[PDB]
$ cat work_30.txt   # compact mmCIF, C-alpha atoms and all ligand atoms
# COMPACT_ATOMS: atom_id res chain seq x y z
CA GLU A 62 -14.92 26.89 -5.01
CA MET A 63 -12.39 25.02 -2.80
CA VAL A 64 -15.06 23.51 -0.52
CA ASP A 65 -15.63 19.78 -1.21
CA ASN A 66 -12.49 19.57 -3.39
CA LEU A 67 -11.35 16.32 -1.68
CA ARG A 68 -12.63 12.80 -2.26
CA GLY A 69 -11.59 9.34 -1.06
CA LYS A 70 -12.39 5.82 0.02
CA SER A 71 -12.15 5.02 3.79
CA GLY A 72 -8.65 3.75 4.74
CA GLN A 73 -7.23 4.73 1.33
CA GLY A 74 -6.42 8.43 1.71
CA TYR A 75 -8.01 11.68 0.62
CA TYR A 76 -7.15 13.14 -2.81
CA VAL A 77 -7.40 16.39 -4.75
CA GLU A 78 -7.55 16.87 -8.51
CA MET A 79 -4.42 18.35 -10.07
CA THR A 80 -3.02 18.85 -13.56
CA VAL A 81 0.59 18.30 -14.58
CA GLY A 82 2.30 19.23 -17.84
CA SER A 83 1.57 21.21 -20.98
CA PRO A 84 -1.05 20.43 -22.30
CA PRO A 85 -2.49 19.63 -18.82
CA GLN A 86 -2.79 16.01 -17.76
CA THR A 87 -5.43 15.50 -15.03
CA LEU A 88 -4.49 13.28 -12.08
CA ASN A 89 -5.97 12.60 -8.64
CA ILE A 90 -3.34 13.24 -5.98
CA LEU A 91 -3.41 12.05 -2.34
CA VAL A 92 -2.97 14.85 0.21
CA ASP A 93 -0.12 13.90 2.57
CA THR A 94 1.04 16.11 5.46
CA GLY A 95 3.40 13.24 6.49
CA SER A 96 5.85 13.55 3.58
CA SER A 97 7.41 16.21 1.36
CA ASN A 98 7.71 14.69 -2.10
CA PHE A 99 5.32 15.34 -4.98
CA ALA A 100 5.19 12.15 -7.04
CA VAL A 101 2.93 10.69 -9.70
CA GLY A 102 2.53 7.30 -11.36
CA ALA A 103 4.45 7.64 -14.62
CA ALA A 104 4.35 4.11 -16.01
CA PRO A 105 1.57 1.48 -16.32
CA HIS A 106 0.63 -0.32 -13.10
CA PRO A 107 -2.25 -2.75 -12.42
CA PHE A 108 -3.97 -0.34 -9.99
CA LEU A 109 -3.44 2.86 -12.02
CA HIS A 110 -6.33 4.10 -14.15
CA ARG A 111 -4.02 6.67 -15.72
CA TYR A 112 -0.49 8.03 -15.38
CA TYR A 113 1.78 10.95 -16.21
CA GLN A 114 3.15 10.86 -19.76
CA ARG A 115 6.27 12.99 -19.73
CA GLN A 116 6.74 12.61 -23.51
CA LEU A 117 3.46 14.51 -24.11
CA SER A 118 4.52 17.47 -21.99
CA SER A 119 6.52 20.20 -23.75
CA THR A 120 7.25 21.84 -20.41
CA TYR A 121 8.73 18.75 -18.76
CA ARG A 122 12.38 19.03 -17.72
CA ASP A 123 14.39 15.94 -16.67
CA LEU A 124 16.75 16.51 -13.69
CA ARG A 125 18.78 13.37 -14.52
CA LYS A 126 18.54 12.08 -10.99
CA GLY A 127 16.66 9.14 -9.51
CA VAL A 128 14.86 9.10 -6.16
CA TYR A 129 13.65 6.41 -3.73
CA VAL A 130 10.94 7.06 -1.11
CA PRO A 131 9.96 4.57 1.58
CA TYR A 132 6.89 5.14 3.76
CA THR A 133 5.47 3.11 6.66
CA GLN A 134 3.21 1.52 4.08
CA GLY A 135 4.75 1.16 0.64
CA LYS A 136 7.69 2.46 -1.33
CA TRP A 137 8.49 3.72 -4.81
CA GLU A 138 11.33 4.79 -7.04
CA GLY A 139 11.31 7.24 -9.87
CA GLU A 140 13.01 9.92 -11.90
CA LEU A 141 13.17 13.55 -10.79
CA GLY A 142 12.08 16.35 -13.07
CA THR A 143 10.13 19.57 -13.12
CA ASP A 144 6.90 20.63 -14.84
CA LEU A 145 3.95 23.01 -14.66
CA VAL A 146 1.25 22.16 -12.12
CA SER A 147 -2.27 23.48 -11.47
CA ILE A 148 -5.09 22.69 -9.03
CA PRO A 149 -8.45 23.08 -10.84
CA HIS A 150 -10.50 23.41 -7.63
CA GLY A 151 -7.82 25.42 -5.79
CA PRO A 152 -6.12 28.78 -6.34
CA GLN A 153 -6.17 29.56 -10.08
CA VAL A 154 -2.41 29.60 -10.48
CA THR A 155 0.29 27.67 -12.34
CA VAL A 156 3.57 26.79 -10.71
CA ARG A 157 6.65 25.01 -11.91
CA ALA A 158 7.39 22.29 -9.36
CA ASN A 159 9.57 19.27 -8.72
CA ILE A 160 7.82 16.06 -9.69
CA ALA A 161 9.02 12.51 -9.13
CA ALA A 162 7.86 10.27 -11.99
CA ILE A 163 7.20 6.90 -10.32
CA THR A 164 8.43 4.03 -12.50
CA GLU A 165 8.60 1.21 -9.93
CA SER A 166 6.69 0.67 -6.69
CA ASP A 167 5.91 -1.88 -4.00
CA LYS A 168 2.66 -1.85 -1.99
CA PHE A 169 2.13 1.88 -2.60
CA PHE A 170 -0.70 2.17 -5.10
CA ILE A 171 -4.00 0.81 -3.73
CA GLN A 172 -6.46 -1.28 -5.79
CA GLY A 173 -9.54 0.99 -6.41
CA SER A 174 -8.43 4.14 -4.51
CA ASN A 175 -8.91 6.53 -7.45
CA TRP A 176 -5.58 8.35 -6.94
CA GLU A 177 -2.47 8.15 -9.09
CA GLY A 178 -0.02 10.28 -7.10
CA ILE A 179 0.91 11.87 -3.79
CA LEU A 180 1.38 15.47 -2.64
CA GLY A 181 3.83 15.72 0.24
CA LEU A 182 2.83 18.88 2.09
CA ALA A 183 5.51 18.76 4.84
CA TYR A 184 8.83 20.58 4.88
CA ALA A 185 12.03 20.25 2.83
CA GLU A 186 13.91 18.75 5.72
CA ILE A 187 12.29 15.31 5.07
CA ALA A 188 12.22 15.47 1.23
CA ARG A 189 14.16 12.81 -0.69
CA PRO A 190 16.86 12.68 -1.89
CA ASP A 191 17.57 15.69 0.38
CA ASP A 192 16.35 19.12 1.50
CA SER A 193 17.51 20.83 -1.71
CA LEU A 194 14.48 19.29 -3.48
CA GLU A 195 11.96 22.06 -2.86
CA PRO A 196 8.49 20.76 -1.95
CA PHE A 197 5.36 21.72 -3.82
CA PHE A 198 3.80 24.02 -1.25
CA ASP A 199 7.06 25.98 -0.94
CA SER A 200 7.10 26.47 -4.73
CA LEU A 201 3.44 27.51 -4.71
CA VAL A 202 4.07 30.19 -2.07
CA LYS A 203 7.30 31.49 -3.70
CA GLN A 204 5.83 31.72 -7.20
CA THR A 205 2.33 33.04 -6.41
CA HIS A 206 0.75 35.44 -3.89
CA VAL A 207 -0.78 32.53 -1.97
CA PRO A 208 -0.47 32.99 1.82
CA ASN A 209 1.72 30.42 3.54
CA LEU A 210 -1.08 28.38 5.10
CA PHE A 211 -3.48 25.60 4.24
CA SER A 212 -6.28 23.84 6.03
CA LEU A 213 -7.75 20.38 5.86
CA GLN A 214 -11.30 19.29 6.64
CA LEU A 215 -11.38 15.51 6.30
CA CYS A 216 -14.83 14.00 6.59
CA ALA A 229 -16.75 3.59 1.33
CA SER A 230 -16.85 7.07 -0.29
CA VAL A 231 -15.52 10.07 1.67
CA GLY A 232 -14.90 13.74 1.04
CA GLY A 233 -13.70 16.99 2.50
CA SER A 234 -11.93 20.22 1.71
CA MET A 235 -8.42 21.52 1.33
CA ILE A 236 -8.42 25.29 1.60
CA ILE A 237 -5.18 26.58 0.14
CA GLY A 238 -3.98 29.95 1.40
CA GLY A 239 -6.62 30.46 4.03
CA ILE A 240 -9.24 29.51 6.57
CA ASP A 241 -12.89 28.99 5.60
CA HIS A 242 -15.12 29.85 8.56
CA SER A 243 -18.04 27.86 7.11
CA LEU A 244 -16.07 24.61 7.74
CA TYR A 245 -15.85 24.77 11.55
CA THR A 246 -17.69 25.83 14.71
CA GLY A 247 -16.44 27.23 18.03
CA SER A 248 -12.84 28.27 18.64
CA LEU A 249 -9.58 27.42 16.85
CA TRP A 250 -6.93 26.22 19.31
CA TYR A 251 -3.28 26.32 18.32
CA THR A 252 -0.38 24.03 19.11
CA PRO A 253 3.18 24.97 18.08
CA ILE A 254 5.00 23.28 15.26
CA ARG A 255 7.97 22.15 17.34
CA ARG A 256 10.35 21.66 14.40
CA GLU A 257 9.74 22.24 10.67
CA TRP A 258 10.32 18.82 9.14
CA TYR A 259 7.23 16.74 9.70
CA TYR A 260 4.40 18.78 11.21
CA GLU A 261 5.79 17.86 14.62
CA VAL A 262 3.67 18.63 17.72
CA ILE A 263 3.77 17.86 21.45
CA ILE A 264 1.23 15.76 23.34
CA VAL A 265 1.21 16.58 27.07
CA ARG A 266 -1.50 14.25 28.40
CA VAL A 267 -3.71 11.36 27.26
CA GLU A 268 -6.98 10.36 28.94
CA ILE A 269 -9.27 7.41 28.29
CA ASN A 270 -12.77 8.28 29.47
CA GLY A 271 -11.29 11.13 31.52
CA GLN A 272 -8.78 8.83 33.26
CA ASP A 273 -5.15 9.89 32.85
CA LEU A 274 -2.77 7.21 31.50
CA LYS A 275 -0.28 8.51 34.14
CA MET A 276 2.94 8.28 32.14
CA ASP A 277 5.85 10.68 31.93
CA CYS A 278 4.64 12.94 29.11
CA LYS A 279 7.89 12.43 27.16
CA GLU A 280 6.60 8.90 26.48
CA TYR A 281 3.77 10.32 24.39
CA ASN A 282 6.34 11.92 22.11
CA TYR A 283 8.95 9.19 21.93
CA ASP A 284 10.62 10.04 19.62
CA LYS A 285 8.40 12.58 17.86
CA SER A 286 4.66 13.23 17.43
CA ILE A 287 3.31 14.24 14.01
CA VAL A 288 0.10 15.24 12.26
CA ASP A 289 -0.19 13.05 9.17
CA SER A 290 -3.11 13.10 6.76
CA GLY A 291 -1.39 10.29 4.76
CA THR A 292 -1.50 7.71 7.56
CA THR A 293 -4.83 6.09 8.43
CA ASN A 294 -4.49 5.18 12.11
CA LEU A 295 -3.65 6.84 15.38
CA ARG A 296 -0.21 5.26 15.87
CA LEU A 297 1.29 5.23 19.36
CA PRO A 298 4.67 4.37 20.89
CA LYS A 299 4.58 0.76 22.22
CA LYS A 300 4.40 1.72 25.92
CA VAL A 301 1.61 4.23 25.26
CA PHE A 302 -0.21 1.79 22.97
CA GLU A 303 -0.18 -0.96 25.57
CA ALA A 304 -1.43 1.38 28.32
CA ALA A 305 -4.16 2.76 26.06
CA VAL A 306 -5.41 -0.67 24.96
CA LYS A 307 -5.54 -1.85 28.62
CA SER A 308 -7.71 1.13 29.49
CA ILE A 309 -9.99 0.81 26.44
CA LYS A 310 -10.35 -2.92 27.18
CA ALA A 311 -11.32 -2.12 30.77
CA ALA A 312 -13.89 0.52 29.65
CA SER A 313 -15.43 -1.86 27.09
CA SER A 314 -15.27 -5.03 29.24
CA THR A 315 -19.02 -5.67 28.98
CA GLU A 316 -17.94 -7.34 25.69
CA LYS A 317 -14.79 -9.38 25.10
CA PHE A 318 -12.93 -9.33 21.80
CA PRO A 319 -10.22 -11.55 20.41
CA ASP A 320 -6.67 -10.31 20.94
CA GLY A 321 -6.38 -10.10 17.15
CA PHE A 322 -8.96 -7.30 17.08
CA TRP A 323 -6.85 -5.12 19.36
CA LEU A 324 -3.84 -5.82 17.12
CA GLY A 325 -5.71 -4.87 13.88
CA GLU A 326 -5.37 -8.46 12.63
CA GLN A 327 -9.13 -9.00 12.72
CA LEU A 328 -12.47 -7.25 12.23
CA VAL A 329 -15.19 -6.89 14.84
CA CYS A 330 -18.76 -7.19 13.48
CA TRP A 331 -22.25 -6.51 14.80
CA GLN A 332 -25.62 -7.01 13.19
CA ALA A 333 -26.35 -3.94 11.07
CA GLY A 334 -27.35 -0.85 13.06
CA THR A 335 -26.52 -2.42 16.46
CA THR A 336 -22.87 -1.34 17.01
CA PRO A 337 -22.63 -0.69 20.81
CA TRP A 338 -20.88 2.70 20.61
CA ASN A 339 -21.67 3.49 24.23
CA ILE A 340 -19.46 0.67 25.64
CA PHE A 341 -16.35 2.23 24.02
CA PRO A 342 -14.62 5.20 25.72
CA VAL A 343 -13.70 8.66 24.52
CA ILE A 344 -9.99 9.35 24.08
CA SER A 345 -8.64 12.83 24.86
CA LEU A 346 -5.30 14.00 23.50
CA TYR A 347 -3.97 17.11 25.17
CA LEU A 348 -1.72 19.21 22.92
CA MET A 349 0.79 21.79 24.05
CA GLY A 350 -0.52 25.33 23.98
CA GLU A 351 1.16 28.52 22.77
CA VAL A 352 1.59 29.67 26.39
CA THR A 353 3.69 28.05 29.13
CA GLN A 354 2.13 25.06 30.88
CA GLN A 355 -1.19 25.54 29.06
CA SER A 356 -2.79 22.93 26.81
CA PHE A 357 -6.01 22.14 25.05
CA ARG A 358 -7.63 18.78 24.29
CA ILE A 359 -9.14 17.11 21.27
CA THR A 360 -11.62 14.36 22.12
CA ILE A 361 -11.96 11.32 19.85
CA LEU A 362 -15.13 9.12 19.81
CA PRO A 363 -15.16 5.40 18.95
CA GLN A 364 -16.85 6.36 15.66
CA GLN A 365 -13.37 7.70 14.72
CA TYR A 366 -11.09 4.97 16.10
CA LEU A 367 -13.26 2.02 15.04
CA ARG A 368 -12.87 2.33 11.28
CA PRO A 369 -15.67 0.85 9.18
CA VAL A 370 -14.61 -1.72 6.59
CA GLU A 371 -17.04 -1.69 3.67
CA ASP A 372 -17.58 -5.06 2.07
CA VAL A 373 -20.84 -6.19 0.52
CA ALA A 374 -20.03 -9.82 1.53
CA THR A 375 -20.20 -8.87 5.24
CA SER A 376 -23.09 -6.40 4.83
CA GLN A 377 -25.68 -8.17 7.03
CA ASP A 378 -23.30 -6.70 9.67
CA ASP A 379 -21.40 -3.47 10.29
CA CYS A 380 -17.71 -4.41 10.61
CA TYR A 381 -14.80 -2.39 11.94
CA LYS A 382 -11.03 -2.42 12.33
CA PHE A 383 -9.41 -1.01 15.44
CA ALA A 384 -7.59 2.06 14.07
CA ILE A 385 -5.14 2.62 16.96
CA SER A 386 -1.90 0.69 16.46
CA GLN A 387 1.67 0.67 17.54
CA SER A 388 4.68 2.55 16.26
CA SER A 389 8.43 2.43 16.88
CA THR A 390 8.90 5.88 15.30
CA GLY A 391 6.70 8.04 17.57
CA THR A 392 3.07 9.15 17.58
CA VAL A 393 1.29 9.53 14.27
CA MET A 394 -1.98 11.48 14.40
CA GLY A 395 -3.47 10.03 11.25
CA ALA A 396 -6.63 10.60 9.29
CA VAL A 397 -8.79 8.77 11.85
CA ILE A 398 -7.87 11.57 14.33
CA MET A 399 -8.12 14.45 11.83
CA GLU A 400 -11.58 13.39 10.65
CA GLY A 401 -14.28 15.62 12.09
CA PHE A 402 -11.79 18.40 12.95
CA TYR A 403 -10.82 21.39 10.92
CA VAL A 404 -7.03 21.42 10.98
CA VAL A 405 -5.10 24.57 10.04
CA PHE A 406 -1.49 24.14 8.97
CA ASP A 407 -0.37 27.70 9.73
CA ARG A 408 3.15 27.51 8.37
CA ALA A 409 3.54 31.32 8.47
CA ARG A 410 3.14 31.28 12.26
CA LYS A 411 4.65 27.84 12.92
CA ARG A 412 1.48 26.48 14.51
CA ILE A 413 -1.31 23.95 13.91
CA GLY A 414 -4.89 24.93 14.72
CA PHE A 415 -7.73 22.59 15.63
CA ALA A 416 -11.48 23.22 15.66
CA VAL A 417 -14.61 21.11 15.57
CA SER A 418 -15.54 20.55 11.94
CA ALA A 419 -18.83 21.19 10.19
CA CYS A 420 -18.66 17.40 9.60
CA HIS A 421 -17.91 16.53 13.24
CA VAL A 422 -18.65 13.14 14.75
CA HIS A 423 -21.36 12.93 17.40
CA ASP A 424 -24.30 10.81 18.48
CA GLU A 425 -27.15 11.74 20.85
CA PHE A 426 -24.95 11.40 23.98
CA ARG A 427 -21.40 12.47 23.05
CA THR A 428 -19.56 14.75 20.65
CA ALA A 429 -16.02 15.23 19.40
CA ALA A 430 -14.57 18.39 20.94
CA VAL A 431 -11.66 20.83 20.99
CA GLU A 432 -11.50 22.59 24.34
CA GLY A 433 -9.25 24.46 26.70
CA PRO A 434 -7.39 25.90 28.42
CA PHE A 435 -5.95 23.36 30.79
CA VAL A 436 -3.04 23.99 33.12
CA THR A 437 -0.40 21.56 34.40
CA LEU A 438 1.53 21.99 37.65
CA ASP A 439 4.25 19.73 36.19
CA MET A 440 6.97 21.94 34.59
CA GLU A 441 8.57 19.04 32.64
CA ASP A 442 9.22 19.56 28.92
CA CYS A 443 7.26 16.84 27.09
CA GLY A 444 9.54 16.91 24.03
CA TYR A 445 11.51 13.73 23.75
CA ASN A 446 14.76 15.09 22.32
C1 LIG A 501 -3.83 5.90 3.25
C2 LIG A 501 -3.07 4.60 3.19
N1 LIG A 501 -3.06 4.00 4.52
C3 LIG A 501 -1.84 4.11 5.21
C4 LIG A 501 -0.73 4.82 4.76
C5 LIG A 501 0.42 4.85 5.54
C6 LIG A 501 1.62 5.61 5.13
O1 LIG A 501 2.76 5.15 5.25
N2 LIG A 501 1.32 6.86 4.67
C7 LIG A 501 2.30 7.65 3.92
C8 LIG A 501 1.68 8.13 2.61
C9 LIG A 501 1.05 6.98 1.85
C10 LIG A 501 -0.23 7.12 1.37
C11 LIG A 501 -0.85 6.10 0.68
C12 LIG A 501 -0.17 4.91 0.48
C13 LIG A 501 1.12 4.77 0.97
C14 LIG A 501 1.75 5.80 1.65
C15 LIG A 501 2.76 8.81 4.82
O2 LIG A 501 3.64 9.69 4.10
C16 LIG A 501 3.59 8.33 6.03
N3 LIG A 501 3.99 9.50 6.82
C17 LIG A 501 5.20 9.28 7.66
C18 LIG A 501 4.90 8.36 8.81
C19 LIG A 501 6.36 8.72 6.85
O3 LIG A 501 6.70 7.54 6.85
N4 LIG A 501 7.00 9.69 6.12
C20 LIG A 501 8.10 9.33 5.21
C21 LIG A 501 9.43 9.51 5.92
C22 LIG A 501 10.58 9.17 4.98
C23 LIG A 501 10.55 10.05 3.74
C24 LIG A 501 9.20 9.94 3.03
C25 LIG A 501 8.05 10.22 3.99
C26 LIG A 501 0.46 4.17 6.75
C27 LIG A 501 -0.63 3.46 7.18
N5 LIG A 501 -0.57 2.75 8.40
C28 LIG A 501 0.57 1.91 8.67
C29 LIG A 501 0.19 1.17 9.95
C30 LIG A 501 -1.14 1.73 10.41
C31 LIG A 501 -1.53 2.74 9.36
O4 LIG A 501 -2.54 3.44 9.41
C32 LIG A 501 -1.78 3.42 6.42
$ encode --input "work_30.txt" --output "structure tokens"
Amino acid sequence: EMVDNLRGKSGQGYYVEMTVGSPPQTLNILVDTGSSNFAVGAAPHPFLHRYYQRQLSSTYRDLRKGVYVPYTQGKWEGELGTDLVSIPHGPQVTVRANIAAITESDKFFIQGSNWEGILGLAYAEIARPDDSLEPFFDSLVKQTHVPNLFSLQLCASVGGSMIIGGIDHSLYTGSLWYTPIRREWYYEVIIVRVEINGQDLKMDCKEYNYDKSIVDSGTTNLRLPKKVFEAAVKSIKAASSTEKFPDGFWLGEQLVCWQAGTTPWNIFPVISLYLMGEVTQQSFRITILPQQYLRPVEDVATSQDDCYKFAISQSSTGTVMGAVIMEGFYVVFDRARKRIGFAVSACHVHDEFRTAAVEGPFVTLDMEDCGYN
């Protein structure tokens, strides 16, 4: 009953239905492995269909403390409190959890996204105002018998599944490969190698993780450190040089469009990210097709064409493996064993020539630690 419990619009996040308060108020909540605060719209806003009414909840408790959360995209401020929370299409449990009631925001809520709140699934270490504000998943595990693990299968309308407390074998094929959670704050991982159509970018592997690499369902793009970004774009340009695009396309400032049904997928390369294994000097790779990193932009005005944004972009805060990377993989956040597992999803991306893949093992001769710090 947890399969197909996520919905979304492309580029706008994936969300799960939740209830807050007593009697229960239903809200759609974006699933975010890149933050650790649970927060809901709690005042009218132009892009909110509905919001949390604390005055109607007899179980609401005010903590008399404000909070401010800035993301890469957007920011909000609100009042901290606690209340009862359920997940109708999740484990049938009720937990009392910290909730930030958002009362002001800037560029956070998205016109027509269908969600009214955000569920930060990462660790206390990055919660605001500080790590004493226990995150939702921690409360769920402490207060119920739910095992300390969840999995995400992310697939304009989109869908997928969040399996809370377990792994659903019907959602993936082949083997699950595990990479260590380096540090419990973000879901921090280590990238050891990057290839563009099988050609190594040939950088010191620390560059891939300058200054951290994270797995983030709340960010859309694959975001890369400047030096890695520039090298990657050069290589993708070279692979695709049968066609020439404006510089603005490569910067995400501009769409690329082709007559409907004629997108030349085959001129764009596959990107392989090699992730650190659980054993010394071993790795595995996840392979990303252009159908993942060229993100379709739905717009009836442009619909004689298929139009796309380049969904790899630059970062000054390390690698972000966003939703564009997670799509078509089954990703297991195995908190109990401090590891992240990847497998090919039941909704994997593939055409008649190429397929997304998770494969290993690979060995490196180079004994260098790829961690930046
Ligand atoms: C799905 C929306 N698309 C979209 C959202 C974000 C974004 O900032 N996502 C946040 C959630 C969200 C979801 C929806 C709306 C706003 C924010 C994540 O939480 C960000 N995760 C990390 C990187 C972070 O900044 N964590 C903070 C650290 C400080 C303490 C709080 C957590 C970024 C992009 N970007 C930015 C450039 C390229 C890209 O894809 C596109």
$ closest_residue --input "work_30.txt" --among "A:417, A:330, A:210, A:90" --to "residue 183 (chain A)" --atoms "only C-alpha atoms"
A:210
$ closest_residue --input "work_30.txt" --among "A:244, A:202, A:287, A:162" --to "ligand LIG 501 (chain A)" --atoms "only C-alpha atoms and all ligand atoms"
A:287
$ closest_residue --input "work_30.txt" --among "A:424, A:62, A:432, A:442" --to "residue 264 (chain A)" --atoms "all atoms listed in the file"
A:442
$ closest_residue --input "work_30.txt" --among "A:203, A:310, A:189, A:412" --to "ligand LIG 501 (chain A)" --atoms "only C-alpha atoms and all ligand atoms"
A:189
$ closest_residue --input "work_30.txt" --among "A:215, A:408, A:441, A:362" --to "residue 245 (chain A)" --atoms "only C-alpha atoms"
A:215
$ residues_around --input "work_30.txt" --residues "region 109-111 of chain A" --least-positions-apart "3" --cutoff "12 Å" --atoms "all atoms listed in the file" --output "number ranges by chain"
A: 86-90, 101-106, 114, 163-164, 166, 169-178
$ residues_around --input "work_30.txt" --residues "residue 324 (chain A)" --least-positions-apart "4" --cutoff "8 Å" --atoms "only C-alpha atoms" --output "list in words"
residues 320, 383 and 386 of chain A
$ residues_near_ligand --input "work_30.txt" --ligand "ligand LIG 501 (chain A)" --cutoff "6 Å" --atoms "all atoms listed in the file" --output "count of residues only"
19
$ residues_around --input "work_30.txt" --residues "residue 344 (chain A)" --least-positions-apart "6" --cutoff "10 Å" --atoms "only C-alpha atoms" --output "list in words"
residues 267, 268, 269, 270, 271, 272, 305, 309, 358, 359, 360, 361, 362, 363, 366 and 429 of chain A
$ closest_residue --input "work_30.txt" --among "A:297, A:438, A:409, A:430" --to "residue 390 (chain A)" --atoms "only C-alpha atoms"
A:297
$ atom_distance --input "work_30.txt" --atom1 "CA of residue 421 (chain A)" --atom2 "CA of residue 403 (chain A)"
8.9 Å
$ residues_around --input "work_30.txt" --residues "residue 199 (chain A)" --least-positions-apart "4" --cutoff "9 Å" --atoms "only C-alpha atoms" --output "list in words"
residues 182, 184, 185, 195, 203, 204 and 209 of chain A
$ axis_aligned_box --input "work_30.txt" --around "region 314-328 of chain A" --padding-each-side "6 Å" --output "JSON"
{"center_x": -11.4, "center_y": -8.2, "center_z": 20.7, "size_x": 27.2, "size_y": 18.7, "size_z": 29.0}
$ atom_distance --input "work_30.txt" --atom1 "CA of residue 299 (chain A)" --atom2 "CA of residue 282 (chain A)"
11.3 Å
$ atom_distance --input "work_30.txt" --atom1 "CA of residue 94 (chain A)" --atom2 "CA of residue 180 (chain A)"
8.1 Å
$ residues_around --input "work_30.txt" --residues "residue 250 (chain A)" --least-positions-apart "5" --cutoff "12 Å" --atoms "all atoms listed in the file" --output "ChimeraX atom specification"
/A:245,347-352,355-359,402-407,412-417,430-435
$ decode --input "work_30.txt" --residues "region 64-77 of chain A" --atoms "N, CA, C and O atoms" --output "short mmCIF file (atom, residue, chain, number, x, y, z; two decimals), in the first residue's frame"
data_model
loop_
_atom_site.label_atom_id
_atom_site.label_comp_id
_atom_site.auth_asym_id
_atom_site.auth_seq_id
_atom_site.Cartn_x
_atom_site.Cartn_y
_atom_site.Cartn_z
N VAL A 64 3.46 1.47 -2.38
CA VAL A 64 3.81 1.66 -3.79
C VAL A 64 2.92 2.75 -4.42
O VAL A 64 1.71 2.79 -4.18
N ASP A 65 3.55 3.63 -5.21
CA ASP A 65 2.87 4.71 -5.91
C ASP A 65 2.30 5.77 -4.95
O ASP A 65 1.32 6.44 -5.28
N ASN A 66 2.93 5.92 -3.78
CA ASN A 66 2.50 6.92 -2.81
C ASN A 66 3.12 8.31 -3.03
O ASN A 66 2.81 9.23 -2.26
N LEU A 67 3.96 8.47 -4.05
CA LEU A 67 4.51 9.77 -4.42
C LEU A 67 3.91 10.28 -5.73
O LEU A 67 3.65 9.49 -6.65
N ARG A 68 3.74 11.59 -5.80
CA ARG A 68 3.33 12.29 -7.00
C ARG A 68 4.23 13.52 -7.19
O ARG A 68 4.97 13.90 -6.29
N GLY A 69 4.16 14.14 -8.36
CA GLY A 69 4.84 15.40 -8.59
C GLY A 69 4.56 15.99 -9.96
O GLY A 69 3.82 15.41 -10.78
N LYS A 70 5.14 17.17 -10.18
CA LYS A 70 5.34 17.73 -11.51
C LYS A 70 6.86 17.79 -11.75
O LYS A 70 7.61 18.12 -10.84
N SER A 71 7.31 17.44 -12.96
CA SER A 71 8.74 17.57 -13.34
C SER A 71 9.35 18.92 -12.92
O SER A 71 8.75 19.98 -13.14
N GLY A 72 10.54 18.86 -12.29
CA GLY A 72 11.26 20.06 -11.86
C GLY A 72 10.71 20.72 -10.60
O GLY A 72 11.23 21.72 -10.17
N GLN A 73 9.67 20.13 -10.01
CA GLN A 73 8.99 20.76 -8.86
C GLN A 73 8.96 19.89 -7.61
O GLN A 73 8.33 20.27 -6.63
N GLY A 74 9.65 18.77 -7.63
CA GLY A 74 9.77 17.92 -6.45
C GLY A 74 8.73 16.81 -6.42
O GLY A 74 7.71 16.88 -7.13
N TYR A 75 9.00 15.79 -5.62
CA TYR A 75 8.09 14.69 -5.41
C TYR A 75 7.48 14.84 -4.03
O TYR A 75 8.21 15.16 -3.10
N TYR A 76 6.18 14.57 -3.88
CA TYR A 76 5.54 14.72 -2.57
C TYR A 76 4.67 13.54 -2.16
O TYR A 76 4.20 12.76 -3.01
N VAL A 77 4.52 13.41 -0.84
CA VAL A 77 3.76 12.35 -0.20
C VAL A 77 2.65 13.00 0.62
O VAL A 77 2.78 14.12 1.10
#
